[PDB]
Every structure is written in structure tokens, then in C-alpha cells.
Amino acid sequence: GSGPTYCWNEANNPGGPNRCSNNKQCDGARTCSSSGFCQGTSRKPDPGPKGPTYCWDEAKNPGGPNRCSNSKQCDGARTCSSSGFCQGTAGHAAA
């Protein structure tokens, strides 16, 4: 996508891991090649520190989607509430 604050899991793409027809199917700053594979460096470091370049799929969390005991289980800048829910904005780019 557009830059390192864009998060996308390439594993599940159409046609197979890392396959693409457009830049939005590539993680971070990666882009789609003429041979239909994502290419480039998503971000450095990867994974990012907590903040907008931290990519985490909360659907797969312990206890259920969007549940947490620590903020590393929350996407982006999100943190873990006292009630064990991820909260706030992730801060990711939309594309």
C-alpha cells in the first residue's frame, strides 16, 4: 500500500500468498509487481513498534476477537482496556 502505516495480511490474498492485482493487497509500502506478486519492503522495523506501523489481527486473539490481556494483542496504536478489550484507533492508513 501507500506506506508503512498500511497493514495488510498477504497470506490470504486471492490466488495465493503474496499474490496481487493491486497495491492495496500488499503490506505497508509494498507494491504489486507486473508478475502479480507483492514486492518491496513493508516497513523497517517489521513488525513496527506499538503505534501506527504495528500490524496485528485481533480476530484471532485469546478469549475471542478484540479481547486482550496486553496491548501487544491490539492493532496499531490500540491499547488494552482495564476490561480486556482493545481500544482506540489503530492509526493505520486506509490504503
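Residue numbers run from 1 along the displayed sequence.
Higher mean CA B-factor, judged across 27-35 and 43-51 from the recorded values: 43-51. Among all modelled residues in this chain, the alpha-carbon of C20 has a temperature factor (C-alpha) in the middle third. Among all modelled residues in its chain, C7 ranks in the lowest third by Cα B-factor. Remark: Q87 belongs to the lowest third of its chain, ranked by C-alpha B-factor as recorded. The entry lists a Cα temperature factor for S81 that places it in the middle third of the chain's modelled residues.
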